Amino acid sequence: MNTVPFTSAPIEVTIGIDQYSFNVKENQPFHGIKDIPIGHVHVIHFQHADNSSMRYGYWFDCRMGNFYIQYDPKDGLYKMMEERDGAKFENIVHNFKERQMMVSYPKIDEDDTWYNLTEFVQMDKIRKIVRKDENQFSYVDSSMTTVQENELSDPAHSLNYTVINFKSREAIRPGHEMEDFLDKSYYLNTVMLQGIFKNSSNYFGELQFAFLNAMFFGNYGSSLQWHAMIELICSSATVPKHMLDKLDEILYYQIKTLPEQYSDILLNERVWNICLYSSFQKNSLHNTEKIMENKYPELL
Amino acid sequence: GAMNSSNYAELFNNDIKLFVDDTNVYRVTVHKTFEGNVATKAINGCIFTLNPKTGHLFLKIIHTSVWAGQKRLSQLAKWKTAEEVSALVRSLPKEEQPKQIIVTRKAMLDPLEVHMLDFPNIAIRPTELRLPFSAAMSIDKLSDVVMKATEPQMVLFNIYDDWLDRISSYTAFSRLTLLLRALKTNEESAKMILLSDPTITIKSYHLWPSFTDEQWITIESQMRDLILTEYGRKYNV
């Protein structure tokens, strides 16, 4: 079990850890989150009571250091920071926990939800997508743009997702124009799986990471990536049987975790009707299909 | 973006552009078989590729052999059309390659776009106009050459005969669509109107008759009147 202390809570903010969240009042004595399961990635995130725009947060893993949170009044926002003095860190942790000013990561033990959403997410893959290699954590917000958006402006602040484009030379073998554009198996298996991602698990991890960036920050480009990685699989006639069956579980839990009121900007009508009813893989997302129809029948 | 009545005169500036009409690429007949089930027979088709400014027509003939042993033919037709327009662009010298291609039917967008990936600076565009290029096989010499072909074959025409010697592209293109519009709506009449007077002949290198200026007025008046007459009959007006 790990901890992420906070120096202080100067401003009213809604704080999130993973899929949990708390209201913290201006200069309430709040000092951090305890009982955080070691073993997966986590994300802590923020929405100020004054500016319901820009949700922002940090992705991290306690196994890579000791991280804490401090407000920066010059920049007006909470900043993740690493403490390198190990002794100094366990010291502030124990004092605050004794003073009990910390909330506990509230994990019901039946709930595999977080593990189901982060199963394939790795910090190391993450820090390639959010390049800032002087920190062991990764910052994301609502407004950051992807590299594919930039092409169609500031690159330090870019989400370097893997670029998928169905009408590109990459995706279309000359002479197999019709074949490849109706049946993307080429693109998926050789170009993307074997070629760029190397294995199905990196792929799923990026897809899973893109979903969460969309859910927590409303990052519109993260939404686009997630939908395209889904479309690539569903629009392929030849997919490993292990990947179909895992994708059904991945999507199921994503759809299950989504706030009910945000279905309109976060789900792309066309991709989903294609995946579930038009594509090669209609028959292969029994779990994802059943949950979509009983929760969001309107979108379909 | 899409081409409509606002951006209509763009067709006639000096930017090379082509229309691609694919309505006559895959042409069948429908007949009953001996057991009474329904079957199709394919006949020769044509891709209809036109430079509205100069009148240059690139009539790619689609031989029924192209279809042999193939499924989802109406789908394949779109992709075969985009294949051949591509080969045509590749076959032309750079300075002649179009800057835009306008597809008469939106379902051609994705096939062409895909087949033209090697030409990213060639904009593929749809249109909202209702062009009448399916009536192209109402032009006796276009249909004859299509019907008579024994292999894939390309045939060059100028669909304006020699009209540009005396009228502008804009006007030329308006005559064309008027004539095809009329031929689409009532072929028998349209053709009656064009050929009634046996003393006005079609030059062997031409498609339409050699009307004088005055006669083209009478003809255009008569095609207008035809198209009006047929609309009343269509909707009871």
# chains A, B, ... in the order shown; residues from 1 in each chain; ligands from 1
call {"tool": "closest_atom_pairs", "arguments": {"of": "chain A", "to": "chain B", "cutoff": "12 Å", "atoms": "only C-alpha atoms", "output": "CSV"}}
result
residue,atom,partner,partner_atom,distance
A:165,CA,B:114,CA,11.4
A:166,CA,B:114,CA,9.0
A:167,CA,B:114,CA,5.9
A:168,CA,B:117,CA,6.8
A:169,CA,B:117,CA,6.7
A:170,CA,B:117,CA,10.4
A:171,CA,B:114,CA,10.0
A:172,CA,B:114,CA,7.9
A:173,CA,B:114,CA,10.3
A:174,CA,B:115,CA,8.3
A:175,CA,B:115,CA,8.9
A:176,CA,B:115,CA,9.7
A:177,CA,B:115,CA,6.5
A:178,CA,B:79,CA,6.3
A:179,CA,B:79,CA,9.8
A:180,CA,B:114,CA,10.0
A:181,CA,B:114,CA,8.0
A:182,CA,B:111,CA,10.2
call {"tool": "residues_around", "arguments": {"residues": "residue 8 in chain B", "least_positions_apart": "6", "cutoff": "12 Å", "atoms": "only C-alpha atoms", "output": "PDB file with C-alpha atoms, in the first residue's frame"}}
result
ATOM      1  CA  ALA B   2     -18.712  19.913 -52.642  1.00  0.00           C
ATOM      2  CA  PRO B  52     -15.676  20.408 -68.952  1.00  0.00           C
ATOM      3  CA  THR B 127     -20.955  17.461 -56.027  1.00  0.00           C
ATOM      4  CA  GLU B 128     -24.504  18.340 -55.174  1.00  0.00           C
ATOM      5  CA  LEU B 129     -25.403  19.194 -58.775  1.00  0.00           C
ATOM      6  CA  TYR B 170     -19.552  27.867 -70.120  1.00  0.00           C
ATOM      7  CA  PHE B 173     -21.101  22.916 -71.222  1.00  0.00           C
ATOM      8  CA  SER B 174     -24.665  24.280 -70.908  1.00  0.00           C
TER       9      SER B 174
END
call {"tool": "atom_distance", "arguments": {"atom1": "CA of residue 275 in chain A", "atom2": "CA of residue 141 in chain A"}}
result
28.6 Å
call {"tool": "select_by_dssp", "arguments": {"residues": "range 82-184 of chain A", "states": "alpha helix (DSSP H)", "output": "JSON, numbers by chain"}}
result
{"A": [86, 87, 88, 89, 90, 91, 92, 93, 94, 95, 96, 97, 98, 113, 114, 115, 116, 117, 118, 123, 124, 125, 126, 127, 128, 129, 147, 148, 149, 150, 151, 177, 178, 179, 180, 181, 182]}
call {"tool": "atom_distance", "arguments": {"atom1": "CA of residue 188 in chain A", "atom2": "CA of residue 283 in chain A"}}
result
19.0 Å
call {"tool": "select_by_dssp", "arguments": {"residues": "range 73-163 of chain B", "states": "strand (DSSP E)", "output": "number ranges by chain"}}
result
B: 100-103, 123-125, 153-158
call {"tool": "residues_around", "arguments": {"residues": "residue 17 in chain B", "least_positions_apart": "5", "cutoff": "6 Å", "atoms": "only C-alpha atoms", "output": "MDAnalysis selection string"}}
result
chainID B and resid 51 98:101
call {"tool": "residues_around", "arguments": {"residues": "residue 31 in chain B", "least_positions_apart": "3", "cutoff": "8 Å", "atoms": "only C-alpha atoms", "output": "JSON list (two decimals) with N, CA and C atoms, in the first residue's frame"}}
result
[["chain", "number", "residue", "atom", "x", "y", "z"],
["B", 38, "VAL", "N", -34.40, -15.48, -61.21],
["B", 38, "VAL", "CA", -33.92, -14.29, -61.89],
["B", 38, "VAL", "C", -32.40, -14.31, -61.87],
["B", 39, "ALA", "N", -31.85, -13.87, -62.99],
["B", 39, "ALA", "CA", -30.44, -13.85, -63.30],
["B", 39, "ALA", "C", -30.16, -12.53, -64.00],
["B", 40, "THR", "N", -28.89, -12.11, -63.99],
["B", 40, "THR", "CA", -28.47, -10.92, -64.73],
["B", 40, "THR", "C", -27.50, -11.31, -65.85],
["B", 41, "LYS", "N", -27.58, -10.60, -66.98],
["B", 41, "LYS", "CA", -26.49, -10.63, -67.95],
["B", 41, "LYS", "C", -25.82, -9.25, -68.02]]
call {"tool": "residues_around", "arguments": {"residues": "residue 160 in chain B", "least_positions_apart": "3", "cutoff": "9 Å", "atoms": "only C-alpha atoms", "output": "list in words"}}
result
residues 54, 55, 56, 157, 163, 164, 172, 173, 175, 176, 206, 207 and 208 of chain B
call {"tool": "residues_around", "arguments": {"residues": "range 57-63 of chain A", "least_positions_apart": "2", "cutoff": "10 Å", "atoms": "only C-alpha atoms", "output": "compact mmCIF listing (two decimals) with N, CA and C atoms, in the first residue's frame"}}
result
# COMPACT_ATOMS: atom_id res chain seq x y z
N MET A 1 0.84 -1.24 0.00
CA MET A 1 0.00 0.00 0.00
C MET A 1 0.86 1.27 0.00
N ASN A 2 0.56 2.21 -0.88
CA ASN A 2 1.37 3.41 -1.02
C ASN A 2 0.59 4.66 -0.67
N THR A 3 1.33 5.77 -0.56
CA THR A 3 0.75 7.06 -0.22
C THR A 3 1.18 8.20 -1.16
N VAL A 4 0.31 9.19 -1.29
CA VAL A 4 0.63 10.39 -2.04
C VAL A 4 0.23 11.61 -1.21
N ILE A 15 -11.03 16.53 -6.27
CA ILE A 15 -9.82 15.73 -6.47
C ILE A 15 -10.25 14.35 -6.89
N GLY A 16 -9.54 13.77 -7.85
CA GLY A 16 -9.80 12.41 -8.30
C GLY A 16 -8.56 11.56 -8.15
N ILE A 17 -8.77 10.28 -7.78
CA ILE A 17 -7.75 9.24 -7.82
C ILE A 17 -8.37 8.04 -8.54
N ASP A 18 -7.82 7.64 -9.68
CA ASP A 18 -8.45 6.50 -10.38
C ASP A 18 -9.90 6.89 -10.56
N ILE A 36 -3.21 3.08 -1.43
CA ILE A 36 -3.26 3.03 -2.87
C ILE A 36 -2.61 1.69 -3.34
N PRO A 37 -3.30 0.87 -4.08
CA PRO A 37 -2.74 -0.46 -4.36
C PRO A 37 -1.49 -0.29 -5.18
N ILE A 38 -0.40 -0.89 -4.70
CA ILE A 38 0.80 -1.04 -5.51
C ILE A 38 0.52 -2.09 -6.57
N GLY A 39 1.00 -1.87 -7.78
CA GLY A 39 0.87 -2.91 -8.77
C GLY A 39 0.30 -2.48 -10.09
N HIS A 40 -0.51 -1.43 -10.11
CA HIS A 40 -1.00 -0.90 -11.38
C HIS A 40 -0.50 0.52 -11.54
N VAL A 41 -0.79 1.10 -12.71
CA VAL A 41 -0.68 2.56 -12.82
C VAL A 41 -1.87 3.21 -12.10
N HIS A 42 -1.68 4.47 -11.72
CA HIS A 42 -2.76 5.31 -11.19
C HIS A 42 -2.84 6.72 -11.77
N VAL A 43 -3.97 7.36 -11.61
CA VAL A 43 -4.03 8.73 -12.08
C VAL A 43 -4.72 9.56 -11.03
N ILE A 44 -4.14 10.70 -10.70
CA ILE A 44 -4.75 11.61 -9.75
C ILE A 44 -5.04 12.87 -10.53
N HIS A 45 -6.16 13.51 -10.22
CA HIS A 45 -6.64 14.57 -11.09
C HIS A 45 -7.56 15.50 -10.34
N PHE A 46 -7.77 16.63 -10.99
CA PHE A 46 -8.20 17.87 -10.38
C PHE A 46 -9.10 18.63 -11.29
N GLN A 47 -10.12 19.16 -10.64
CA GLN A 47 -11.00 20.16 -11.23
C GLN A 47 -11.29 21.22 -10.19
N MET A 54 -10.98 22.83 -18.00
CA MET A 54 -9.69 22.19 -17.76
C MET A 54 -9.70 21.32 -16.52
N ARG A 55 -10.03 20.06 -16.72
CA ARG A 55 -9.65 19.02 -15.79
C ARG A 55 -8.22 18.65 -16.12
N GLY A 65 8.97 5.64 -7.53
CA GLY A 65 9.40 6.75 -6.72
C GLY A 65 8.34 7.09 -5.69
N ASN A 66 8.64 8.14 -4.94
CA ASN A 66 7.73 8.68 -3.95
C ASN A 66 7.24 10.03 -4.42
N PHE A 67 5.94 10.15 -4.66
CA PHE A 67 5.37 11.30 -5.33
C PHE A 67 4.44 11.98 -4.33
N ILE A 69 2.08 16.01 -3.78
CA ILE A 69 1.30 17.03 -4.47
C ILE A 69 1.44 18.35 -3.74
N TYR A 78 -2.38 22.49 -8.79
CA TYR A 78 -1.67 21.44 -8.09
C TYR A 78 -0.72 20.70 -9.03
N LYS A 79 0.52 20.56 -8.54
CA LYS A 79 1.66 19.94 -9.20
C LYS A 79 2.11 18.67 -8.48
N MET A 80 2.33 17.64 -9.29
CA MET A 80 2.96 16.40 -8.83
C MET A 80 4.45 16.65 -8.71
N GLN A 122 1.06 0.46 -19.15
CA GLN A 122 2.40 0.47 -18.57
C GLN A 122 2.93 1.90 -18.50
N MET A 123 3.56 2.27 -17.38
CA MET A 123 4.13 3.61 -17.26
C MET A 123 5.11 3.86 -18.38
N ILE A 126 3.63 4.92 -21.36
CA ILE A 126 2.89 6.16 -21.17
C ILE A 126 3.81 7.34 -21.40
N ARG A 127 5.04 7.27 -20.87
CA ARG A 127 6.03 8.34 -20.90
C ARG A 127 6.64 8.55 -22.28
N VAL A 130 3.48 10.73 -23.45
CA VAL A 130 3.58 12.05 -22.85
C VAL A 130 5.05 12.27 -22.58
N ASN A 135 10.58 13.75 -15.44
CA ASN A 135 9.65 13.38 -14.39
C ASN A 135 9.28 11.92 -14.65
N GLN A 136 9.03 11.18 -13.58
CA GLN A 136 8.63 9.78 -13.65
C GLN A 136 7.12 9.60 -13.77
N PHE A 137 6.37 10.69 -13.64
CA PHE A 137 4.93 10.75 -13.85
C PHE A 137 4.61 11.52 -15.13
N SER A 138 3.33 11.54 -15.52
CA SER A 138 2.93 12.17 -16.77
C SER A 138 1.71 13.06 -16.59
N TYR A 139 1.80 14.29 -17.10
CA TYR A 139 0.74 15.28 -16.98
C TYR A 139 -0.17 15.27 -18.20
N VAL A 140 -1.46 15.38 -17.95
CA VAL A 140 -2.43 15.45 -19.03
C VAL A 140 -3.54 16.40 -18.60
N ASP A 141 -4.10 17.11 -19.60
CA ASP A 141 -5.33 17.85 -19.38
C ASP A 141 -6.25 17.79 -20.60
N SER A 142 -7.36 18.51 -20.41
CA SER A 142 -8.44 18.53 -21.37
C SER A 142 -7.97 19.11 -22.70
N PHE A 209 -5.37 3.50 -22.27
CA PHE A 209 -4.87 4.82 -21.87
C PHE A 209 -5.61 5.96 -22.57
N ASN A 213 -7.90 8.97 -20.67
CA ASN A 213 -7.62 10.39 -20.92
C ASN A 213 -8.89 11.11 -21.39
N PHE A 216 -11.46 11.15 -18.13
CA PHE A 216 -11.14 11.95 -16.97
C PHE A 216 -10.96 13.43 -17.30
N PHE A 217 -10.55 13.70 -18.51
CA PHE A 217 -10.26 15.05 -18.90
C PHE A 217 -11.10 15.50 -20.07
call {"tool": "residues_around", "arguments": {"residues": "residue 181 in chain B", "least_positions_apart": "4", "cutoff": "10 Å", "atoms": "only C-alpha atoms", "output": "VMD selection string"}}
result
chain B and resid 130 to 136 175 to 177 185 to 187 190 223 to 224 226 to 227
call {"tool": "atom_distance", "arguments": {"atom1": "CA of residue 81 in chain B", "atom2": "CA of residue 22 in chain B"}}
result
6.7 Å
